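Structure file upload23.cif with mmCIF, C-alpha atoms (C1' of nucleotides):
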data_my_file
#
loop_
_atom_site.label_atom_id
_atom_site.label_comp_id
_atom_site.auth_asym_id
_atom_site.auth_seq_id
_atom_site.Cartn_x
_atom_site.Cartn_y
_atom_site.Cartn_z
CA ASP A 175 -114.91 -94.84 -54.76
CA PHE A 176 -114.32 -96.81 -51.57
CA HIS A 177 -116.24 -96.08 -48.36
CA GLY A 178 -113.41 -95.62 -45.89
CA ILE A 179 -112.51 -93.42 -42.94
CA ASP A 180 -111.48 -89.86 -43.80
CA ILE A 181 -111.21 -87.71 -40.66
CA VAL A 182 -112.57 -87.67 -37.11
CA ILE A 183 -115.20 -85.11 -36.09
CA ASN A 184 -116.48 -85.51 -32.52
CA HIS A 185 -116.13 -88.05 -29.73
CA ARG A 186 -118.14 -89.08 -26.67
CA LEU A 187 -118.95 -92.10 -24.50
CA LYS A 188 -120.88 -95.22 -25.49
CA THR A 189 -121.69 -97.05 -22.23
CA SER A 190 -123.38 -94.82 -19.66
CA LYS A 199 -110.01 -94.72 -14.12
CA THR A 200 -106.34 -93.74 -14.05
CA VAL A 201 -105.82 -94.11 -17.82
CA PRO A 202 -108.34 -95.60 -20.28
CA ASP A 203 -106.57 -97.83 -22.79
CA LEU A 204 -107.69 -98.77 -26.30
CA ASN A 205 -110.08 -101.43 -24.98
CA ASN A 206 -111.94 -98.81 -22.94
CA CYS A 207 -112.09 -96.71 -26.12
CA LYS A 208 -113.65 -99.69 -27.93
CA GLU A 209 -116.20 -100.90 -25.36
CA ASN A 210 -116.70 -97.56 -23.59
CA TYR A 211 -116.53 -94.68 -26.11
CA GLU A 212 -118.14 -93.95 -29.47
CA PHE A 213 -116.53 -91.60 -32.00
CA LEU A 214 -118.09 -89.50 -34.76
CA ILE A 215 -116.25 -90.62 -37.91
CA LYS A 216 -116.37 -88.74 -41.22
CA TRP A 217 -116.29 -91.02 -44.25
CA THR A 218 -114.28 -90.33 -47.39
CA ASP A 219 -115.87 -89.59 -50.78
CA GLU A 220 -118.89 -88.23 -48.90
CA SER A 221 -120.07 -84.93 -47.45
CA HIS A 222 -119.71 -84.02 -43.78
CA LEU A 223 -123.49 -84.41 -43.29
CA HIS A 224 -123.19 -88.23 -43.20
CA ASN A 225 -121.14 -88.44 -39.99
CA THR A 226 -122.02 -91.52 -37.94
CA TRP A 227 -120.96 -92.46 -34.40
CA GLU A 228 -119.01 -95.67 -35.04
CA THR A 229 -116.26 -97.58 -33.26
CA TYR A 230 -114.28 -100.70 -34.26
CA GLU A 231 -116.63 -103.66 -33.75
CA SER A 232 -119.50 -101.89 -35.56
CA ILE A 233 -117.70 -101.31 -38.88
CA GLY A 234 -115.13 -104.13 -38.97
CA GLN A 235 -112.12 -103.87 -41.27
CA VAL A 236 -112.41 -100.60 -43.21
CA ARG A 237 -110.00 -98.54 -45.29
CA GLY A 238 -107.93 -96.33 -42.99
CA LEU A 239 -107.62 -97.01 -39.26
CA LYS A 240 -104.43 -95.34 -37.97
CA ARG A 241 -105.96 -91.85 -37.96
CA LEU A 242 -108.56 -92.84 -35.37
CA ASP A 243 -105.84 -94.61 -33.38
CA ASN A 244 -103.70 -91.47 -33.25
CA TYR A 245 -106.72 -89.29 -32.46
"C1'" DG B 1 -79.42 -129.25 -52.06
"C1'" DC B 2 -82.19 -127.94 -48.68
"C1'" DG B 3 -84.13 -125.76 -44.98
"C1'" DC B 4 -84.52 -122.00 -41.33
"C1'" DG B 5 -84.75 -117.47 -40.35
"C1'" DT B 6 -85.30 -112.99 -40.76
"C1'" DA B 7 -84.32 -108.71 -42.93
"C1'" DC B 8 -85.36 -105.79 -46.45
"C1'" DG B 9 -89.05 -104.43 -50.28
"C1'" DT B 10 -93.57 -102.64 -50.96
"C1'" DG B 11 -97.56 -100.00 -49.17
"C1'" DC B 12 -100.18 -95.97 -46.70
"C1'" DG B 13 -100.49 -92.69 -43.93
"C1'" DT B 14 -98.29 -88.96 -41.50
"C1'" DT B 15 -94.95 -85.30 -41.80
"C1'" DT B 16 -91.41 -82.57 -42.79
"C1'" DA B 17 -88.50 -79.42 -46.00
"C1'" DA B 18 -87.11 -79.01 -50.89
"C1'" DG B 19 -88.05 -76.45 -54.83
"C1'" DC B 20 -90.32 -72.12 -56.87
"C1'" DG B 21 -90.09 -67.61 -58.35
"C1'" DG B 22 -89.95 -62.55 -55.58
"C1'" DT B 23 -87.09 -59.02 -53.67
"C1'" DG B 24 -83.01 -56.83 -51.51
"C1'" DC B 25 -78.19 -56.06 -50.54
"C1'" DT B 26 -73.57 -55.71 -50.93
"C1'" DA B 27 -69.17 -58.43 -51.66
"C1'" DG B 28 -66.19 -60.01 -54.07
"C1'" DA B 29 -64.67 -61.02 -59.15
"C1'" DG B 30 -63.24 -58.49 -63.24
"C1'" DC B 31 -61.85 -54.77 -65.33
"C1'" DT B 32 -58.70 -51.11 -65.80
"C1'" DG B 33 -54.53 -48.16 -65.32
"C1'" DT B 34 -50.04 -46.69 -64.03
"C1'" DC B 35 -44.58 -48.20 -61.74
"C1'" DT B 36 -41.25 -50.65 -61.36
"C1'" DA B 37 -39.08 -54.62 -59.58
"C1'" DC B 38 -37.18 -59.18 -61.12
"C1'" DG B 39 -36.22 -62.40 -64.86
"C1'" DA B 40 -34.40 -63.21 -69.21
"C1'" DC B 41 -29.96 -62.53 -72.01
"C1'" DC B 42 -25.09 -61.98 -73.15
"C1'" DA B 43 -20.48 -61.82 -71.17
"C1'" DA B 44 -16.04 -64.08 -68.72
"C1'" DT B 45 -14.20 -66.44 -64.83
"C1'" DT B 46 -14.23 -70.19 -61.76
"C1'" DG B 47 -14.91 -75.05 -59.10
"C1'" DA B 48 -18.52 -78.37 -58.54
"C1'" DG B 49 -19.54 -82.50 -60.80
"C1'" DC B 50 -18.66 -86.78 -63.67
"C1'" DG B 51 -15.79 -90.60 -65.49
"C1'" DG B 52 -11.82 -93.38 -64.35
"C1'" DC B 53 -9.65 -95.66 -61.38
"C1'" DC B 54 -8.21 -98.29 -57.48
"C1'" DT B 55 -8.12 -97.87 -50.89
"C1'" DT B 56 -7.78 -99.41 -46.15
"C1'" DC B 57 -9.47 -101.06 -41.77
"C1'" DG B 58 -12.90 -103.87 -39.42
"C1'" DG B 59 -15.97 -107.87 -38.97
"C1'" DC B 60 -17.72 -112.71 -40.04
"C1'" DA B 61 -15.94 -117.21 -39.65
"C1'" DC B 62 -12.90 -120.09 -40.17
"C1'" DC B 63 -8.20 -121.43 -36.78
"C1'" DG B 64 -3.50 -122.31 -33.51
"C1'" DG B 65 -0.41 -123.94 -29.62
"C1'" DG B 66 0.17 -125.96 -25.08
"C1'" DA B 67 -0.89 -128.50 -20.77
"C1'" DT B 68 -3.73 -132.32 -19.40
"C1'" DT B 69 -6.69 -136.54 -19.30
"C1'" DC B 70 -7.62 -141.46 -20.73
"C1'" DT B 71 -6.33 -145.73 -22.93
"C1'" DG B 72 -2.70 -149.76 -23.59
"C1'" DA B 73 1.47 -153.26 -22.79
"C1'" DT B 74 4.24 -154.55 -18.64
"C1'" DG B 75 5.41 -157.43 -14.34
"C1'" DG B 76 6.59 -159.44 -9.63
"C1'" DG B 77 3.89 -162.71 -6.50
"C1'" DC B 78 0.32 -165.86 -4.66
"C1'" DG B 79 -2.34 -169.70 -6.58
"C1'" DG B 80 -3.74 -173.34 -9.19
"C1'" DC B 81 -2.91 -177.05 -13.68
"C1'" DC B 82 -3.97 -182.30 -12.52
"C1'" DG B 83 -0.62 -185.01 -15.26
"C1'" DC B 84 3.95 -187.04 -16.95
"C1'" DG B 85 8.00 -188.61 -14.34
"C1'" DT B 86 12.04 -190.45 -11.67
"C1'" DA B 87 13.39 -193.30 -7.30
"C1'" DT B 88 13.00 -197.11 -3.98
#
For the file at hand, write its structure as structure tokens.
Amino acid sequence: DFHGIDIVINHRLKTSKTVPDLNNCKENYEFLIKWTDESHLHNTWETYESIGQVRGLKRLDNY
DNA sequence: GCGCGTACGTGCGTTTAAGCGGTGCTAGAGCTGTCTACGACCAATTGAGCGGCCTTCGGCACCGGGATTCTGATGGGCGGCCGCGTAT
């Protein structure tokens, strides 16, 4: 019944180097996240500072 | 008792491999069947084994005889006693 992160769909950049770290992935890339308990038609391009603390976060870290 | 520290329990997510029932294959247990070697049994003779009884040399620790070293009464000779004592 909770509105958490299920799987990851697509990924792109948000703001239009040798190795981008997690900070560059936060303030430089947006990711299409599929939410649990919901169809795949409600995929939204979200990051970390736009959703806050949500259920399930290690999957997007590994991806 | 108390206080500091941290490691181990509880959670979620990721991940890895047990358990399920499906088939195939043949090895190794179990059965089976004939022979005969090896163990039980009975016999008769013999000495290893047990009770009965007292053995001898070597090793621990107490011992043995003879020369030699240290302590004690002995003794003439050089000195000191100053105080009673006989002679003029």
Expand the PyMOL selection byres ((chain A) within 9 of (chain B)) into the individual residues it matches in the shown file, reporting them as number ranges by chain.
A: 238, 240-241
Expressed in Å to a single decimal, how great is the separation between atom CA of residue A:185 and atom CA of residue A:242?
10.6 Å
Can you give me, as a PyMOL selection string, the residues this file yields under the PyMOL selection byres ((chain A and resi 220-230) around 10)?
chain A and resi 175+177-178+180-186+188+207-219+231-236+239+242
How big is the axis-aligned box around all listed atoms of stretch 226-240 of chain A once 5 Å goes on each side, and where's its centre, in Å to one decimal, as lines of an AutoDock Vina configuration file?
center_x = -113.2
center_y = -97.8
center_z = -39.3
size_x = 27.6
size_y = 22.6
size_z = 22.0
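From atom CA of residue A:189 back to atom CA of residue A:237, the distance works out to 25.9 Å.
Distance-wise, atom CA of residue A:244 and atom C1' of residue B:16 end up 17.9 Å apart.
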Restore N, CA and C atoms in stretch 199-234 of chain A and list the result as a compact mmCIF listing (two decimals), in the coordinates of the input.
# COMPACT_ATOMS: atom_id res chain seq x y z
N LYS A 199 -111.15 -94.05 -14.74
CA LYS A 199 -110.01 -94.72 -14.12
C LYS A 199 -108.76 -93.86 -14.22
N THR A 200 -107.60 -94.48 -13.97
CA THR A 200 -106.34 -93.74 -14.05
C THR A 200 -106.00 -93.38 -15.49
N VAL A 201 -106.09 -94.35 -16.40
CA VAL A 201 -105.82 -94.11 -17.82
C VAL A 201 -106.60 -95.11 -18.65
N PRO A 202 -107.61 -94.67 -19.41
CA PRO A 202 -108.34 -95.60 -20.28
C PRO A 202 -107.48 -96.00 -21.47
N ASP A 203 -107.36 -97.32 -21.68
CA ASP A 203 -106.57 -97.83 -22.79
C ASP A 203 -107.42 -97.91 -24.05
N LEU A 204 -106.94 -98.65 -25.06
CA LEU A 204 -107.69 -98.77 -26.30
C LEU A 204 -108.95 -99.61 -26.12
N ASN A 205 -108.90 -100.60 -25.22
CA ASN A 205 -110.08 -101.43 -24.98
C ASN A 205 -111.22 -100.61 -24.40
N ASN A 206 -110.91 -99.70 -23.47
CA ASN A 206 -111.94 -98.81 -22.94
C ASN A 206 -112.47 -97.87 -24.02
N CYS A 207 -111.63 -97.51 -24.99
CA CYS A 207 -112.09 -96.71 -26.12
C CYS A 207 -112.95 -97.52 -27.08
N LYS A 208 -112.81 -98.85 -27.08
CA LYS A 208 -113.65 -99.69 -27.93
C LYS A 208 -115.00 -99.98 -27.28
N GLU A 209 -114.98 -100.49 -26.05
CA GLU A 209 -116.20 -100.90 -25.36
C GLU A 209 -116.72 -99.85 -24.39
N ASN A 210 -116.26 -98.61 -24.50
CA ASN A 210 -116.70 -97.56 -23.59
C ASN A 210 -116.86 -96.19 -24.22
N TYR A 211 -116.43 -95.98 -25.47
CA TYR A 211 -116.53 -94.68 -26.11
C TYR A 211 -116.88 -94.85 -27.58
N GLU A 212 -117.78 -94.00 -28.07
CA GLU A 212 -118.14 -93.95 -29.47
C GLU A 212 -117.62 -92.65 -30.08
N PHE A 213 -117.18 -92.72 -31.33
CA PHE A 213 -116.53 -91.60 -32.00
C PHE A 213 -117.26 -91.27 -33.29
N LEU A 214 -117.46 -89.98 -33.53
CA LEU A 214 -118.09 -89.50 -34.76
C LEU A 214 -117.05 -89.51 -35.87
N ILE A 215 -117.22 -90.40 -36.84
CA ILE A 215 -116.25 -90.62 -37.91
C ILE A 215 -116.82 -90.06 -39.21
N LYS A 216 -116.01 -89.27 -39.91
CA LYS A 216 -116.37 -88.74 -41.22
C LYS A 216 -115.81 -89.65 -42.30
N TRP A 217 -116.67 -90.09 -43.20
CA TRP A 217 -116.29 -91.02 -44.25
C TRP A 217 -115.77 -90.28 -45.48
N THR A 218 -114.84 -90.91 -46.18
CA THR A 218 -114.28 -90.33 -47.39
C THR A 218 -115.25 -90.46 -48.56
N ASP A 219 -115.02 -89.64 -49.59
CA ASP A 219 -115.87 -89.59 -50.78
C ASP A 219 -117.33 -89.32 -50.42
N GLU A 220 -117.55 -88.53 -49.37
CA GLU A 220 -118.89 -88.23 -48.90
C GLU A 220 -118.85 -86.91 -48.13
N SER A 221 -119.97 -86.21 -48.14
CA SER A 221 -120.07 -84.93 -47.45
C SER A 221 -119.98 -85.12 -45.94
N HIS A 222 -119.81 -84.01 -45.23
CA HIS A 222 -119.71 -84.02 -43.78
C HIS A 222 -121.07 -84.17 -43.10
N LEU A 223 -122.16 -84.23 -43.86
CA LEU A 223 -123.49 -84.41 -43.29
C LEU A 223 -123.82 -85.86 -43.00
N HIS A 224 -122.97 -86.80 -43.41
CA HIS A 224 -123.19 -88.23 -43.20
C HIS A 224 -122.29 -88.79 -42.10
N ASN A 225 -121.98 -87.98 -41.09
CA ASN A 225 -121.14 -88.44 -39.99
C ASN A 225 -121.93 -89.35 -39.07
N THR A 226 -121.38 -90.53 -38.79
CA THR A 226 -122.02 -91.52 -37.94
C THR A 226 -121.10 -91.87 -36.77
N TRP A 227 -121.70 -92.09 -35.61
CA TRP A 227 -120.96 -92.46 -34.40
C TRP A 227 -120.65 -93.95 -34.47
N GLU A 228 -119.43 -94.28 -34.88
CA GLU A 228 -119.01 -95.67 -35.04
C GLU A 228 -117.73 -95.91 -34.24
N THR A 229 -117.45 -97.19 -33.99
CA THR A 229 -116.26 -97.58 -33.26
C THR A 229 -115.40 -98.52 -34.10
N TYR A 230 -115.07 -99.69 -33.55
CA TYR A 230 -114.28 -100.70 -34.26
C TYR A 230 -115.05 -101.98 -34.52
N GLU A 231 -115.86 -102.44 -33.57
CA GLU A 231 -116.63 -103.66 -33.75
C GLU A 231 -117.92 -103.43 -34.52
N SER A 232 -118.28 -102.18 -34.81
CA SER A 232 -119.50 -101.89 -35.56
C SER A 232 -119.26 -101.72 -37.05
N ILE A 233 -118.02 -101.46 -37.47
CA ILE A 233 -117.70 -101.31 -38.88
C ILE A 233 -116.76 -102.40 -39.40
N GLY A 234 -116.03 -103.09 -38.52
CA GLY A 234 -115.13 -104.13 -38.97
C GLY A 234 -113.87 -103.55 -39.60
